[PDB]
Amino acid sequence: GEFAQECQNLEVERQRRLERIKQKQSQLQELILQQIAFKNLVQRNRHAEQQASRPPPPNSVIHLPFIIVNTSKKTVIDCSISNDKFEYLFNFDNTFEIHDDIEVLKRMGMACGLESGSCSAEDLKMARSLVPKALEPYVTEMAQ
Amino acid sequence: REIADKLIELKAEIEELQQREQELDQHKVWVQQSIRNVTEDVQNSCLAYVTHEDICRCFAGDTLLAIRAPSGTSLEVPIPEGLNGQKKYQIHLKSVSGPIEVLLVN
């Protein structure tokens, strides 16, 4: 019964290879979304600035990298801050959430909705234009 | 036809699964090198930002804090009490590298 067991030991290895392939495909697609959202943001701001003939005021703009804490408008926040600004302490009387900049970018639509399998024709046009030619297959796939 | 010999078929299939794996591994280092070369570099120096309007619309009707802190900075949240205790929530920020910037967006 040699042959039978060696068939098992190759289906084991194959299953192991297959799921490591699934993980790296997901990780790769996440990297591709980050590339699209970032280049998309840099271009939108580039054209915006070369229309206003000027870069936005120092405020009114949040530069990457950042994270966002959001809470209801009626939440009471109080804060302590150290002098050097190396330590902050915030109290909230209601729940909050925290989001990384990349997921804010996805919510803005900068990943062209690919993060949701939903993509316009004018969205996959630009999404595919923002990646190297060889990874356009992935982008078309993530738009179902 | 040749009885069994799923071996040569399974062995051949495992060969291609290696080709698929190192193709993905190679595509990742592509996107990674591609990512850093558009970020770190200087004609995109001042173009990596979102506006007040961008952020407010992702979280319509929320008070908003934008934290700008060195990476690895500790962000600590106490696990809350259950009901029958006062449900208070808290964020503790402590950096070692440099100061932290917190922007009230609202």
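- The deposited coordinates, according to the entry record, derive from X-ray crystallography at 2.251 Å resolution.

**Some remarks on the overall build of chain B**
Alright, step 1. Per the secondary structure count, chain B includes 2 helices and 5 strands.
Alright, step 2. Secondary structure of chain B in N-to-C order comes out as α-β-α-β-β-β-β.
Alright, step 3. Relative to a compact globule of 106 residues, whose C-alpha radius of gyration would be 13 Å, chain B shows 25 Å and is clearly more extended.
Alright, step 4. Viewed in the frame of its principal axes, chain B has a C-alpha envelope of about 70 × 55 × 35 Å.
Alright, step 5. Restricting to contacts in chain B with at least 6 residues of sequence separation, those with at least 24 account for 57%.

**Details of the sheet that holds strand 5 (residues 101–104) of chain B**
Alright, step 1. Judged by pairing direction, the sheet is antiparallel, and its 4 strands sit side by side in the order 5(A)-2(A)-2(B)-5(B) without closing on themselves. Looking along the sheet, the strands with just one partner apiece sit at the ends: strand 5 (96–100) of chain A together with strand 5 of chain B. Across the sheet, the axes of successive neighbouring strands diverge by a mean angle of 20°, strand direction being ignored.
Alright, step 2. Here strand 2 (residues 62–68) of chain B runs beside strand 5 of chain B; their pairing, made up of 4 bridges, is antiparallel. Bridge pairing in strand 5 of chain B links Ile67 of chain B to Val102 of chain B.

**Considering the sheet that holds strand 4 (residues 87–92) of chain A**
Alright, step 1. Judged by pairing direction, the sheet is antiparallel, and its 4 strands sit side by side in the order 3(A)-4(A)-4(B)-3(B) without closing on themselves. In the strand order of this sheet, the two ends are held by strand 3 (77–81) of chain A together with strand 3 (74–76) of chain B, each with one partner. With strand direction ignored, the average angle separating the axes of adjacent strands in the sheet is 10°.
Alright, step 2. Across 5 bridges, strand 3 of chain A lies against strand 4 of chain A in antiparallel orientation. Its bridge partner being in strand 4 of chain A, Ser80 of chain A is matched across the sheet by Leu89 of chain A.

**Brief notes about the packing of aromatic side chains**
In this description, an aromatic ring pair is defined by two values, namely the gap between the centres and the angle between the planes.
Residues and elements named next belong to chain A.
Alright, step 1. Under the criterion given, the structure shown has 3 aromatic pairs over all chains.
Alright, step 2. For the pair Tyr88 and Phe90, a centre-to-centre distance of 6.1 Å together with 10° between the ring planes defines the contact as stacked.
Alright, step 3. Assessed through its relative accessible area of 4%, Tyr88 is described here as buried.
Alright, step 4. Exposure remark for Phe90: the relative accessible area of 5% places this residue in the buried category.
Alright, step 5. Relative to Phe92, the ring of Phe90 lies with its centre 6.4 Å away and its plane at 40°, an arrangement referred to as tilted.

**Here's the deal with unusual backbone geometry**
Residue and element names in this part refer to chain A.
Alright, step 1. Following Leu64, the chain continues into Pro65 via a peptide bond in cis, with omega recorded as 0°.
Alright, step 2. Within the secondary structure, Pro65 sits in the loop between strand 1 (61–63) and strand 2 (67–72).
Alright, step 3. Look at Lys85: it is not a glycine, yet its phi comes out positive at around 65°.
Alright, step 4. As for its placement among the helices and strands, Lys85 is situated in the loop between strand 3 and strand 4.

**Considering the pairing of strand 4 (residues 89–94) of chain B**
Alright, step 1. Because side chains alternate across strand 4 of chain B, one face comprises the buried residues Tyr89, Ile91 and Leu93 of chain B, and the other comprises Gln90, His92 and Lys94 of chain B, none of which is buried.
Alright, step 2. Where strand 4 of chain A and strand 4 of chain B come together, 6 bridges link them in antiparallel fashion. For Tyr88 of chain A, the partnering residue across the bridge sits in strand 4 of chain B and is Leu93 of chain B.
Alright, step 3. As defined by bridge partners, strand 3 of chain B adjoins strand 4 of chain B across 3 bridges and the pair is classed as antiparallel. When the bridges of strand 4 of chain B are listed, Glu76 of chain B appears paired with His92 of chain B.

The rules we used
- Residues numbered from 1 in each chain as written, not as in the entry; some residues may be left out.
- Chains lettered and ligands numbered in written order.
- Heavy atoms only, no water.
- Residues with missing side-chain atoms left out of burial classes, pairs and counts.
- Helix = DSSP H or I, 4+ residues; strand = E, 2+ residues; numbered from the N terminus.
- Rg over C-alpha atoms; globule rule 2.2 N^0.38 Å.
- Contact = heavy atoms within 4.5 Å.
- Pairing = 2+ DSSP bridges.
- Axes fitted to C-alpha atoms, helices over the stretch in contact; angles between N-to-C directions.
- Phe/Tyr/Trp six-rings, centres within 6.5 Å; stacked < 30°, edge-to-face > 60°.
- Buried < 20%, exposed > 50% of the residue type's maximum accessible area, 1.4 Å probe, protein only.

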